[PDB]
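The structure under discussion appears below in the form of structure tokens.
FYI, it's all coordinate maths here, none of it is from the lab. Ideal geometry is used to build each Cβ from the backbone, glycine not excepted, and the neighbour counts take in all protein chains shown.
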Amino acid sequence: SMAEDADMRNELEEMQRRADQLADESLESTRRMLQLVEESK
Amino acid sequence: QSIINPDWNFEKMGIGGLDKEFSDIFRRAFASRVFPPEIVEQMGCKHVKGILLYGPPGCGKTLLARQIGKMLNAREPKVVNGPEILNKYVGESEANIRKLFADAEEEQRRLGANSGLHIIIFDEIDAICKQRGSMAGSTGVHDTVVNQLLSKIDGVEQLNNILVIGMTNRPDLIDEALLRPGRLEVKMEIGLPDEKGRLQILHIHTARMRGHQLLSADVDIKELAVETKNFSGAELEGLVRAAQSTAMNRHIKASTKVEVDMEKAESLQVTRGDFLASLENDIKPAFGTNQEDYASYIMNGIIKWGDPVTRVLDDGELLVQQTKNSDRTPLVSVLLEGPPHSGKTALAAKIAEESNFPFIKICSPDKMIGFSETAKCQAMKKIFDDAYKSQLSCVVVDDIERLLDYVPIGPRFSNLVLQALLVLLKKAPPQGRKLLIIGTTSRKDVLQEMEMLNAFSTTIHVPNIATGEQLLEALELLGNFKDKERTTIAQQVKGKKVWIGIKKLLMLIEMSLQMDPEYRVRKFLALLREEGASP
Amino acid sequence: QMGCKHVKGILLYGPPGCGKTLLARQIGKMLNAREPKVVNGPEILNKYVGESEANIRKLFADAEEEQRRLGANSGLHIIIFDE
Ligand SMILES: Nc1ncnc2c1ncn2[C@@H]1O[C@H](COP(=O)(O)OP(=O)(O)OP(=O)(O)O)[C@@H](O)[C@H]1O
Ligand SMILES: Nc1ncnc2c1ncn2[C@@H]1O[C@H](COP(=O)(O)OP(=O)(O)OP(=O)(O)O)[C@@H](O)[C@H]1O
Ligand SMILES: Nc1ncnc2c1ncn2[C@@H]1O[C@H](COP(=O)(O)OP(=O)(O)OP(=O)(O)O)[C@@H](O)[C@H]1O
């Protein structure tokens with residue numbers, strides 16, 4: 001009388017890597033491009 | 001390209017004592033893949049895609065499986081060792097099973113009728129092929145895998161380039177649906193070898209070692225084969241290995257340190273003495289006999305103190321001869337009865353030993369202390385089932401009265417054991433074999449009243465000591481009291497009658513012997529007088 | 001030349017406290033083999049399906065591999081069970 005094994009509930013897909021600061025950096029460059037393009041006119 | 005390897009040869013296989021089984025397996029599995037495909041197509045048949053094997057441990061199943069797997073000039077056979085396809089994630093077990101057959105399906109759909117050949121080995125098929133419950137509330141632990149396997153082996157799609165093989169020890173537990181002629185058709189049993197089989201096995205496991213002069217001329221292979229009776233396959237190899245090890249150990253030494261001789265190791269030889277030694281105390285057969293039980297039951301031997309012992313032995317020999325050389329009566333039983341302490345078990349054991357049968361087993365209550373009736377029934381069933389696997393057998397039931405759990409008060413006893421024994425004393429063995437059963441008891445009237453004497457075919461009587469002359473003869477044979485005291489004791493006992501069993505006589509002698517040197521006879525006489533007769 | 005393999009198992013039994021573990025440890029440490037893999041009683045049982053078989057198979061993996069990659073010149077391995 002030993003509770004038999006149980007099937008692994010399932011998989012809950014969840015993926016997180018290095019986006020935060022990589023895209024914040026990406027942004028800081030576009031802003032400066034915009035400023036320069038504005039300045040030229 | 002031929003299916004069989006170009007250089008394959010039967011003698012290289014290294015198998016002995018299974019010629020007929022191998023021939024039949026070949027005939028039923030591969031005969032259709034040898035002649036050109038035109039005739040096979042004309043006959044419009046389909047090749048078999050299943051095999052099965054079973055038997056007692058140590059008979060050469062895995063060896064045959066591996067040999068048949070290697071016999072084909074095709075891809076390398078896959079393998080599965082018991083529950084090696086189970087998984088915890090949902091549905092992965094079925095995907096694992098399906099992955100096995102993917103290559104065969106791709107081959108079939110691609111190349112058609114000239115496709116290749118594939119093999120698989122579901123070793124320990126019994127582990128994950130238990131019978132389906134077929135009832136709500138009894139959900140099986142492995143049911144989806146069984147259903148997937150059944151669907152894949154023969155389902156909505158057809159295959160003709162596959163072959164499955166199984167091996168197990170319990171052929172009565174495999175799922176019923178997995179044994180019809182469409183999935184697993186050819187099934188065979190592997191049993192204990194015979195004399196010629198043992199000779200062949202010993203010859204194959206010795207040919208190589210004879211190549212480099214490692215056998216003296218004292219080894220008589222035929223004598224060794226005849227001596228060893230009803231030995232499983234593995235035990236011959238075990239005996240040979242142990243003999244080689246013990247022979248080699250003599251040249252080497254050690255104790256305090258480890259060293260090896262270099263001037264004697266080049267004259268190594270193995271003789272019959274080491275073989276004998278090991279045969280005696282190295283390998284203990286499983287379906288045979290050994291002297292330990294006889295030494296335990298014949299502790300004080302047998303002494304011929306009169307006529308009845310000879311008549312009893314002659315009757316036993318006659319019954320043994322009848323069972324051995326008869327065909328209309330393959331089941332004969334004899335019941336030994338007598339007063340308590342008359343020494344009846346020893347005579348039964350002596351008859352069983354002298355019978356000279358390959359297989360002898362003694363079922364006694366000594367090993368069943370405290371058991372429940374179900375355990376006793378199971379043990380008896382197992383023993384009798386084991387006794388059905390030999391061309392000659394003999395079983396001895398000891399102390400029936402104590403087996404039934406009898407007690408005069410009430411009286412009380414166990415009905416189930418009595419019913420089992422009654423049904424089990426009329427079951428004829430499988431056709432073509434023989435059996436012999438010997439019983440014992442100390443209360444004949446009880447059994448006669450329970451309607452049990454109509455199951456036994458005969459009956460013998462074992463009497464006690466009846467006259468002073470036989471008591472004197474037994475005393476002289478034992479050799480405890482010398483002539484001087486013998487005269488005095490005889491002068492008393494000669495003029496009367498006695499009633500004692502030999503075991504009680506031994507105990508009385510032992511008890512008397514503890515007194516002073518010149519007080520033994522008087523106390524012995526007093527004890528004998530106090531014993532009484534009680535006819 | 002003899003064409004024989006080696007025995008694969010040894011079983012020791014006796015009443016508690018007579019010197020079985022000491023003999024086992026000494027015989028294990030005597031040989032030049034690597035450290036003996038030890039199983040402290042039933043420590044391979046698990047609740048999830050198919051974990052006990054994987055754990056059992058894991059023990060023999062290294063020795064099996066080594067045999068495959070060397071052949072007759074492989075090293076020696078030991079496995080010690082408890083209870
Ligand atoms: N006819 C035979 N000739 C030579 N060796 C044999 C023969 N039959 C069995 N053997 C021996 O069998 C040994 C392998 O064990 P085997 O496969 O026979 O056990 P098994 O019957 O499969 O046991 P289990 O009941 O666990 O499956 C080998 O050492 C092989 O020499
Ligand atoms: N010639 C003989 N005949 C019978 N028994 C003998 C003889 N010589 C010695 N014995 C001893 O008699 C003993 C009788 O066997 P055992 O101890 O089983 O007694 P039993 O009277 O047959 O049994 P039970 O107590 O169940 O009635 C045997 O152990 C054997 O040692
Ligand atoms: N032959 C021996 N000589 C000296 N010491 C011994 C001997 N046998 C056992 N011992 C002592 O046994 C002690 C440890 O015994 P241990 O409990 O390991 O043995 P065991 O009987 O195999 O155990 P277990 O009862 O757990 O199965 C060691 O300290 C050692 O001193």
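Here are the numbers:
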read-out	value
Subset of the stretch B:69-82 [farther than 19 Å from residue B:104 by Cα and away from chain C (no Cβ under 14 Å)]	B:71
Filter result for residue B:61 (free of Cβ contacts under 8 Å to residues at least 60 places away in the same chain, more than 16 Å from ligand 2 (Cβ to nearest atom) and of a type in the set (D, E, K, R))	no
Residue in the stretch B:288-303 that is closer than 21 Å to residue B:349 by Cβ, touching a helix residue (DSSP H, G or I) at 6+ places or on another chain (Cβ under 9 Å), among the small types (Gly, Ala, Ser) and in contact (Cβ under 8 Å) with a residue 40 or more places away in the chain present	no
Strands (runs of 3 or more DSSP E) contained in the stretch B:330-446 and holding at least 3 residues within 16 Å of ligand 2 (Cβ to nearest atom) and more than 14 Å from chain C (Cβ to nearest Cβ)	B:331-337, B:435-440
Any hit, the stretch B:347-361, residues being touching a residue at least 40 places away in the same chain (Cβ under 8 Å) and more than 16 Å from residue B:320 (Cβ to Cβ)	no
Residue check for residue B:120: part of a loop (DSSP other than H, G, I, E, B), out of contact with any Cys (no Cβ under 6 Å at 6 or more places or on another chain) and either in contact (Cβ under 8 Å) with a residue 12 or more places away in the chain or on the phi > 0 side of the Ramachandran plot (or both)	yes
Subset tally (residues that are in contact (Cβ under 8 Å) with a residue 40 or more places away in the chain and either assigned to a loop (DSSP other than H, G, I, E, B) or within 16 Å of ligand 2 (Cβ to nearest atom) (or both)) for the stretch B:166-184	7
Selected residue [closer than 27 Å to residue B:435 by Cα, within 23 Å of the chain's Cα centre (by Cα) and surrounded by fewer than 19 Cβ atoms within 10 Å (Cβ to Cβ)] from B:317, B:353	B:353
Matching entry among B:187, B:196, B:253, B:222 (being under 30 Å from residue B:280 (Cα atoms), touching a strand residue (DSSP E or B) at 6+ places or on another chain (Cβ under 9 Å) and more than 14 Å from chain C (Cβ to nearest Cβ))	B:253
Subset of the stretch C:34-70 [among the basic types (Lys, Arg), farther than 24 Å from residue B:142 by Cα and part of a helix (DSSP H, G or I)]	C:68, C:69
Given (1) among the aliphatic types (A, V, I, L, M); (2) more than 19 Å from residue B:161 (Cα to Cα); (3) crowded, with 16+ Cβ neighbours inside 10 Å, number of the condition residue B:52 does not satisfy	(2)
Candidate set from the stretch B:185-239 (those that are outside any loop (DSSP other than H, G, I, E, B) and in contact with a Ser or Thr (Cβ under 7 Å, 6 or more places away or on another chain)); member that is nearest to ligand 2 (Cβ to nearest atom)	B:239
Residue match in the stretch A:2-19 (condition: surrounded by fewer than 10 Cβ atoms within 10 Å (Cβ to Cβ), more than 14 Å from chain C (Cβ to nearest Cβ) and in a helix (DSSP H, G or I))	no
Test result for residue B:106, acidic (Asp, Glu), within 14 Å of chain C (Cβ to nearest Cβ) and over 19 Å from residue B:1 (Cβ atoms)	no
Pick from the stretch B:83-96, criterion assigned to a helix (DSSP H, G or I) and surrounded by fewer than 18 Cβ atoms within 10 Å (Cβ to Cβ), ranking: farthest from the other protein chains (Cβ to nearest Cβ)	B:95
Enumeration of residues in the stretch B:469-487 that are in a helix (DSSP H, G or I) and loosely packed, with under 13 Cβ neighbours inside 10 Å	B:477, B:483, B:484, B:487
Hey, residue C:14 of a type in the set (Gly, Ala, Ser) and more than 16 Å from ligand 1 (Cβ to nearest atom) or not	yes
Pair list, Cβ < 6 Å and 6+ apart or interchain, from the stretch B:1-27 residues that are at negative phi and surrounded by 12 or more Cβ atoms within 10 Å (Cβ to Cβ) to residues that are in a helix (DSSP H, G or I) and of a type in the set (A, V, I, L, M, F, W, C)	B:16/B:201; B:16/B:204
Qualifying position, being of a type outside the set (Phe, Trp, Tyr), surrounded by 18 or more Cβ atoms within 10 Å (Cβ to Cβ) and more than 13 Å from chain C (Cβ to nearest Cβ), among B:233, B:273	B:233
Subset of the stretch B:132-154 (residues that are β-branched (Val, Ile, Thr) and assigned to a loop (DSSP other than H, G, I, E, B))	B:139, B:141
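For every residue, the table says whether it meets (1) in contact with a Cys (Cβ under 6 Å, 6 or more places away or on another chain); (2) within 14 Å of another protein chain (Cβ to nearest Cβ); (3) not charged (D, E, K, R).
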{"site": "C:2", "(1), (2), (3)": "no, yes, yes"}
{"site": "C:5", "(1), (2), (3)": "no, yes, no"}
{"site": "C:12", "(1), (2), (3)": "no, no, yes"}
{"site": "C:26", "(1), (2), (3)": "no, no, yes"}
{"site": "C:32", "(1), (2), (3)": "no, yes, yes"}
{"site": "C:35", "(1), (2), (3)": "no, no, no"}
{"site": "C:38", "(1), (2), (3)": "no, no, yes"}
{"site": "C:54", "(1), (2), (3)": "no, yes, yes"}
{"site": "C:65", "(1), (2), (3)": "no, no, no"}
